[PDB]
Amino acid sequence: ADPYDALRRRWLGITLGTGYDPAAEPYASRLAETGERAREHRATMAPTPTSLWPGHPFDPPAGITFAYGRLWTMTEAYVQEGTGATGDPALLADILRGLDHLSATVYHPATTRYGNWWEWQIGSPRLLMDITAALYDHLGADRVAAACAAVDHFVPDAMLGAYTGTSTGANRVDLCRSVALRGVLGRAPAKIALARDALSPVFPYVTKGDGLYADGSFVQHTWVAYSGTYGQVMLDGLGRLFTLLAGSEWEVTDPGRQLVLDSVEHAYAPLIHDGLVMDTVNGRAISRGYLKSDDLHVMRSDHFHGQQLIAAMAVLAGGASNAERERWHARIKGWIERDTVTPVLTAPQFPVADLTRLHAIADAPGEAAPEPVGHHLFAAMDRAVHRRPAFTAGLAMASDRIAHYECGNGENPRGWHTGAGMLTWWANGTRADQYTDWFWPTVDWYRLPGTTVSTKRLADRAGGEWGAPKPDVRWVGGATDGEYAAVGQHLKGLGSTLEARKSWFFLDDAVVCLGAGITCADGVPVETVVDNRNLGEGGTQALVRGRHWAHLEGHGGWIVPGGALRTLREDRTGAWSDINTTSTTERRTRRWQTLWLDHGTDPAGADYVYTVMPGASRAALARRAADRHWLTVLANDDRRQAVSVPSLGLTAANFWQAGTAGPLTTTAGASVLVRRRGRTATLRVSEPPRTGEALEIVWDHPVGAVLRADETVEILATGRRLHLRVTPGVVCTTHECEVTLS
Ligand SMILES: CC(=O)N[C@@H]1[C@@H](O[C@@H]2O[C@H](C(=O)O)C[C@H](O)[C@H]2O)[C@H](O)[C@@H](CO)O[C@H]1O
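Each value, and the rule that gives it
- Residues numbered from 1 in each chain as written, not as in the entry; some residues may be left out.
- Heavy atoms only, no water.
- Residues with missing side-chain atoms left out of burial classes, pairs and counts.
- Pairing = 2+ DSSP bridges.
- Helix = DSSP H or I, 4+ residues; strand = E, 2+ residues; numbered from the N terminus.
- 1 Å grid on protein atoms, 1.4 Å probe; cavity = no way out; pocket = protein on both sides within 12 Å on 5 of 7 lines; lining within 4 Å.
- Points joined across faces, edges and corners; volume = space filled by probe spheres on them.
- Nonpolar A, V, L, I, M, F, W, Y, C, P; charged D, E, K, R; others polar.
- Salt bridge = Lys/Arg side-chain N within 4 Å of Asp/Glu carboxyl O.
- Buried < 20%, exposed > 50% of the residue type's maximum accessible area, 1.4 Å probe, protein only.
- Domains from an automatic or database assignment.
- Contact = heavy atoms within 4.5 Å.
- Buried area = accessible area lost by both parts, 1.4 Å probe.
- Polar contact = N/O pair within 3.5 Å; in protein donor to acceptor, adjacent residues only side chain to side chain.
- Near = heavy atom within 4 Å.
- Areas by Shrake-Rupley, 256 points an atom, 1.4 Å probe, with all protein chains shown as cover.
- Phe/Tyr/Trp six-rings, centres within 6.5 Å; stacked < 30°, edge-to-face > 60°.

**Student:** Sorry if this is basic, but what is going on with the sheet that holds strand β2 (residues 218-220) here?
**Tutor:** Within a sheet, neighbouring strands are paired by backbone hydrogen bonds and run either parallel or antiparallel to one another. Taken in spatial order, the 3 strands of this open sheet run β1-β2-β3, and their pairing is antiparallel. Of all strands in the sheet, those bounded by a partner on one side alone are β1 (211-212) and β3 (224-225). Judged from the 2 bridges that link them, β1 and β2 form a sheet pairing that is antiparallel. The partner of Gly211 across the bridge, within β2, is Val219.

**Student:** Please clarify how empty space enclosed by the protein should be interpreted in this entry.
**Tutor:** Empty space among the atoms can be located by rolling a probe the size of a water molecule over them. Estimated volume of the largest cavity: approximately 150 Å³. Forming the boundary of the largest cavity are 19 residues, of which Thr280, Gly283, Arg383, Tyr405 and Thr418 lie nearest the centre. Looking at the lining of the largest cavity residue by residue, the class counts come to 10 nonpolar, 6 polar and 3 charged.

**Student:** Whenever I open this one, the pattern of salt bridges confuses me. Can you help?
**Tutor:** Where charged atoms of side chains with opposite charge meet at close range, the side chains can pair. Tallied over the entire structure, the rule returns 43 salt bridges. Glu265 is the partner of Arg327 in a salt bridge, and the nearest nitrogen-oxygen pair spans 2.7 Å. Placement of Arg327 in helix α12 (residues 322-338) and of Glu265 in helix α10 (residues 257-268) is noted, with a sequence separation of 62 residues between them. The partly exposed category is assigned to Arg327, whose relative accessible area is 40%. Assessed through its relative accessible area of 23%, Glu265 is described here as partly exposed. In this structure, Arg675 and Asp481 form a salt bridge, with 2.7 Å as the shortest nitrogen-oxygen distance. Of this pair, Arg675 sits in strand β27 (residues 670-677) while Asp481 sits in the loop between β11 (476-480) and β12 (485-492), and the two are 194 residues apart along the sequence.

**Student:** Looking at this structure, how should I read the domain arrangement of the chain?
**Tutor:** By a frequent convention, interface size equals the accessible area lost on bringing the separate parts together. Here the domain parsing of the chain yields domain 1 (1-371), domain 2 (372-627) and domain 3 (628-742). Placing the centre of domain 1 and that of domain 2 at their C-alpha centroids yields a distance of 34 Å. Counting from both sides, the interface comprises 47 residues of domain 1 and, opposite them, 49 residues of domain 2. Taken over both partners, the interface formed by domain 1 and domain 2 buries close to 3,700 Å², and the fraction arising from carbon and sulfur atoms is 59%. At the boundary of domain 1 with domain 2, the tally comes to 4 salt bridges. Note that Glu411 is salt-bridged to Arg288, the shortest N-O span being 2.8 Å. Where domain 1 meets domain 2, there are 27 residue pairs in polar contact. Elements with a contribution of two residues or more to the side of domain 1 that touches domain 2: β2, β3, α10, β4 (272-273) and α11 (302-317). The residue makeup of the side of domain 1 that touches domain 2, split by class, is 21 nonpolar, 16 polar and 10 charged.

**Student:** Looking at this structure, how should I read the site of the ligand?
**Tutor:** Near the ligand, the surroundings consist of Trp118, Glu119, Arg126, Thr229, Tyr230, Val233, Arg284 and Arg288. A distance of 3.0 Å separates an oxygen atom of the ligand from a polar side-chain atom of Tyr230. Measuring from an oxygen atom of the ligand, one finds a side-chain N or O atom of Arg284 at 2.9 Å. Taking 530 Å² as the accessible area of the ligand by itself, protein coverage stands at 69%. Of all the secondary-structure elements, those providing two or more residues to the shell around the ligand are α5 (117-134) and α9 (230-245). Of the residues forming the shell around the ligand, the biggest block, 3 residues, is contributed by α5. Considering only residue class, the shell around the ligand consists of 3 nonpolar, 1 polar and 4 charged.

**Student:** Explain the packing of aromatic side chains here, please?
**Tutor:** Ring pairs (aromatic) are described by centroid distance and by the angle formed between their planes. Under the criterion given, the structure shown has 19 aromatic pairs. Their ring planes at 15° and their centres at 6.2 Å tell us that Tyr107 and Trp120 sit as a pair that is stacked. With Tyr107 in the loop between α4 (89-105) and α5 and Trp120 in helix α5, the pair connects residues that are 13 residues apart, well separated along the chain. Between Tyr435 and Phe439, the ring centres sit 4.7 Å apart and the planes meet at 55°, which makes this aromatic pair tilted. According to the relative accessible area criterion, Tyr435 is buried, its value standing at 3%. When its relative accessible area of 1% is taken as the criterion, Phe439 is described as buried. Each member of the aromatic cluster is reached from another via a ring pair, and the members are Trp426, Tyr435, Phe439, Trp440, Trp445 and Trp592.

**Student:** Looking at this model, I keep getting lost on the environment of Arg569. Mind explaining?
**Tutor:** Turning to its location among the elements, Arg569 is positioned in strand β19 (residues 566-574). On the accessibility criterion, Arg569 (31% relative accessible area) is partly exposed. With 382 residues separating them in the primary sequence, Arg569 and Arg187 have C-alpha atoms 64 Å apart. The residues contacting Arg569, other than those within four sequence positions of it, are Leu535, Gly539, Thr540, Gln541, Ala542, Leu543, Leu552, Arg591, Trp592 and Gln593. There is a polar contact of 2.8 Å between the side chain of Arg569 and the backbone oxygen of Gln541.

And the structure:
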């Protein structure tokens, strides 16, 4: 009786929110709008054998989930104060009418599932369980049993079996959501126990496939970097279920739960910049924008996705330690302060429950935390994040482990080169709307920023769906001290015969970008995209050019040979429906500044060097471009790419095979960063080929003593030089050694 009723009440608190004043803004307007939607839904609801609302047939099954969604809105209007429809028996009759129609015509145990599994096993049942919970006492026993038997039919015990296929990660968590509630609502303790127990395989760190990795990476669909959308769905579901079940017979007690809590700062926080979650980790969702089925008309975007992740963090914080909660709330206060693009505290997709959690954080005592300066190399998902005072940057690569891109379900048909060394960035202290402001629906998908590509025309969905296309390469990764980094990609171009070695050296106010071994036989030109910047509608930002640099007002600049650099400023018009079959067709115009190098047709061993200085002033760029001292390119070929930056005491090298660059030598493919600081230095080494075979490094500098070394590092010699043997493992860990200089 009572433990099932207690669980149902707890769920409704989580879902519909508690401890807010319905007459206070933003709650009052949000509730009122929910009443407005509910009244239009009610008036248009039109039951037929094949739909419940016009334009939304049950085949494809998206129409079923869409109908349950409108029924949930209707149910919110009925159960919440302030909606204009609270307790209206006419509205209640129409909800029950819709529910009965769905149960009679489509969502029932005689149906053999067709089309997208997700609609039947995740979209629809979670909504059906929510509506069943909220209306429980009005529905009667036959409606509740009917709902429970639909869920048993579409999500049978065997789905929360084997940790495989469609029952992994974010998906597993979503399945457990419906089975848990089905257990609560149907008073079926075994179903609740099964949902709790089935979460356990979600928690451990993984070394392959879907899940969280030790290095903070998050992978879904086997091969797709996905922290920003799937990872948010996992976090959301987990937070909700942890909160629901706490104190009950079915509380989640697995100690691996703690790894989920750890992931907040290790995995997710680094990818959030002033409210946005970087598009590098949003997979096919970058293409959504305005969705035709979204009755709130809220644009999907990096900021939209970041705000959903922030909301998930707020729910998870409720079961965290005091110390964890305090840190997460400070981060969240900071993202709230700095998000000027989509103000978190009035975000239009948040229902009142999310609003109340976020407002509680904003109102609590505590300081808003800045994003720390530092580097995060998520090697397991081939992503890097760099933060400096002047800028934030995200890099996307691809490898034999990590797909070039994800297309599927009509989404992201032209994202082919999102993994071709794509460097995204934001100038700190300016509005963070670069990628948000109709970027994806207007961009030239042949000229993504940072990438090297064949100009060969590609089909929509070229390479296959769901992360099918991976380049046939191993050496993708890098080495980092947590501040600076050497990062490298052995690139094989999607649908092309292009091969290249690209490297990035992330420094204190710049990213030095090296390209070598650029070879193609496609019979068309090959380009490297120095940058490609959305200027907004009607942009008039000045582009100023010099001998060996270019600068874009409000953005930053590039050190690059001025006679080689090609530039185009143009207006481009597009719609989200160009890149998503589920999106709206309205067309808008954005102005672009595009900068590239042309390697000609069928290059053989072509190369480039350029430096990007995001957020820099025109004078800073001019000075740096004229300064011969600050950077030495030690090597740039298909064997080794390496730099020296004396102002940082830094030598960094990506060794594509055994060899030497400046003062460093390696016996195998490796990434090496050395930092000298006064009388000591730190050497860091990783092995991006991931063979796990030992290799030796020599650093040609006098070294007196070894202060410390990781257990993976053996010291073979000190004196005139440092000679180390490293056993590097198979996950591209950076190993360290710290020595005193002579
Ligand atoms: C992670 C993802 O792309 N999932 C999609 C799904 O979209 C998600 O919808 C959920 C939701 O609660 O309904 C929230 C999340 O923010 C969003 O990305 C999409 O609706 C379905 C059907 O197309 O497919 C999943 O793969």
